[PDB]
Amino acid sequence: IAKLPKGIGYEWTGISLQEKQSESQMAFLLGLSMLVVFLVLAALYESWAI
Amino acid sequence: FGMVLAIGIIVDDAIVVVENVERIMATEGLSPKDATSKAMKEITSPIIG
Amino acid sequence: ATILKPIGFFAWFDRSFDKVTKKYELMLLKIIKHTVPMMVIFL
Amino acid sequence: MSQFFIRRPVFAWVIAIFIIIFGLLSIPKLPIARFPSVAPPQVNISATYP
Amino acid sequence: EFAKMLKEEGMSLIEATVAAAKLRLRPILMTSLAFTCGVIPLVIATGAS
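Protein chains in written order, with the deposited numbering: chain A, 839 to 888; chain B, 396 to 444; chain C, 494 to 500, 508 to 543; chain D, 1 to 50; chain E, 938 to 986.
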């Protein structure tokens, strides 16, 4: 679309638009979940390596 | 502004506990780990109140 | 328990503060002697 | 009371880390304003008779 | 509170008060100076708001 003539713009709609908004939400939430489970298990076993 | 004014009070519990541990260790001969427990036992109620 | 381990300006500071503690004890005794004047002052 | 955490330093460090993580997550999602709004709500009606 | 403790020990009110004051003198200055010095930036600083 960038190659289309001047004055022609674009806009996403529907699910695709949502797909643009949640670009990296899943990866961040996954990292947070791994951190939380790591902390909980470390507390359970009282060790940072177990 | 509330956080700024509360800095001094929040640091003031840590100062109290650490200074009590230091004083009990210096005055009475004990291992630091047991000295901490004894100091915490001594001054538990004042902190809560 | 985990971090702390058994144990110029600092020397003078501690000596002066011990002297101040002794002096404060003395003044506090003298102050406690006179009661009514300080209740009047507080009012 | 405190004997629990003395015997289990990792468990207290985990609580501290949980609090720190929650605070770091919360800070970038808080409105910023100079003073709280104390303006009573108002509704305006505009009419025009030229 | 420490005056109450010294009274519980059975040690006279005047001597208990002076002893407690002597023991607690240094932390009083600790906490008081902590807060007082912590608020120095507010008065000195000049600028927006």
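From the three backbone atoms N, C-alpha and C, an ideal C-beta is built for every residue, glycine too.
Check: Can you round the beta-carbon distance between residue 962 of chain E and residue 939 of chain E to whole angstroms, since I take them to be within the 8 Å contact cut?; Outcome: Not really, about 11 Å apart at Cβ, beyond 8 Å.
Check: With residue 510 of chain C as the anchor, note down where its alpha helix (DSSP H) starts and where it stops.; Outcome: 509-533
Check: On a Cα-Cα basis, can you pick out the residue from A/858, A/873, A/846 that is closest to residue 20 of chain D?; Outcome: A/873
Check: Where does residue 415 of chain B land, buried or exposed, given buried means 16+ other C-beta within 10 angstroms?; Outcome: buried
Check: If you draw a straight line from the alpha carbon of residue 436 of chain B to that of residue 4 of chain D, how long is it in whole angstroms?; Outcome: 13 Å
Check: State yes or no: is the beta carbon of residue 517 of chain C nearer than 8 Å to at least one beta carbon in chain E?; Outcome: yes
Check: Which of the residues in the segment 399-418 of chain B, read from start to end, lie with their CB under 8 Å from any CB of chain E?; Outcome: 399, 400, 402, 403, 404, 406, 407, 410, 411, 414
Check: Along chain C, in chain order, which residues have C-beta atoms closer than 7 Å to that of residue 958 of chain E?; Outcome: 528
Check: If you draw a straight line from the alpha carbon of residue 984 of chain E to that of residue 396 of chain B, how long is it in whole angstroms?; Outcome: 16 Å
Check: Look at residue 14 of chain D and residue 870 of chain A and say whether their C-beta atoms are less than 8 Å apart.; Outcome: no
Check: Three-state secondary structure (DSSP) at residue 978 of chain E?; Outcome: helix
Check: With a threshold of 8 Å between beta carbons, is residue 494 of chain C in contact with chain B?; Outcome: yes
Check: Closer than 8 Å, CB to CB, is residue 970 of chain E near chain C or not?; Outcome: no
Check: Establish whether the CB of residue 426 of chain B and some CB of chain D are separated by less than 8 Å.; Outcome: no
Check: Starting from residue 43 of chain D, follow the alpha helix (DSSP H) in both directions and report where the run begins and ends.; Outcome: Unbroken run through residue 43 of chain D: none, as it is neither H nor E.
Check: In the DSSP assignment, find the alpha helix (DSSP H) that holds residue 883 of chain A and state where it starts and stops.; Outcome: 863-883
Check: Rounded to whole angstroms, how far is the Cβ of residue 531 of chain C from the Cβ of residue 954 of chain E, which I believe are closer than 8 Å?; Outcome: Wrong, their Cβ atoms sit about 11 Å apart, outside the cutoff.
Check: For residue 495 of chain C, count the other beta carbons within 10 Å of its own beta carbon; 16 or more makes it buried, fewer makes it exposed. Which is it?; Outcome: exposed
Check: Quick check: is the beta carbon of residue 431 of chain B nearer than 8 Å to any beta carbon in chain D?; Outcome: yes
Check: Using a cut-off of 7 Å between C-beta atoms, extract the partners of residue 871 of chain A located in chain D.; Outcome: Those do not exist, as residue 871 of chain A stays about 12 Å from chain D at its closest Cβ, beyond 7 Å.
Check: First and last residue of the alpha helix (DSSP H) that includes residue 1 of chain D?; Outcome: It is not in any alpha helix (DSSP H) - residue 1 of chain D carries neither H nor E in the DSSP assignment.
Check: Beta-carbon separation of residue 8 of chain D and residue 861 of chain A under 8 Å?; Outcome: no
Check: Whole angstroms is fine: what's the gap from residue 971 of chain E's alpha carbon to residue 410 of chain B's?; Outcome: 10 Å
Check: From residue 406 of chain B to residue 967 of chain E, what distance separates their C-alpha atoms?; Outcome: 11 Å
Check: How close, in whole Å, do the beta carbons of residue 432 of chain B and residue 6 of chain D come, if the pair is a contact with beta carbons under 8 Å?; Outcome: 6 Å
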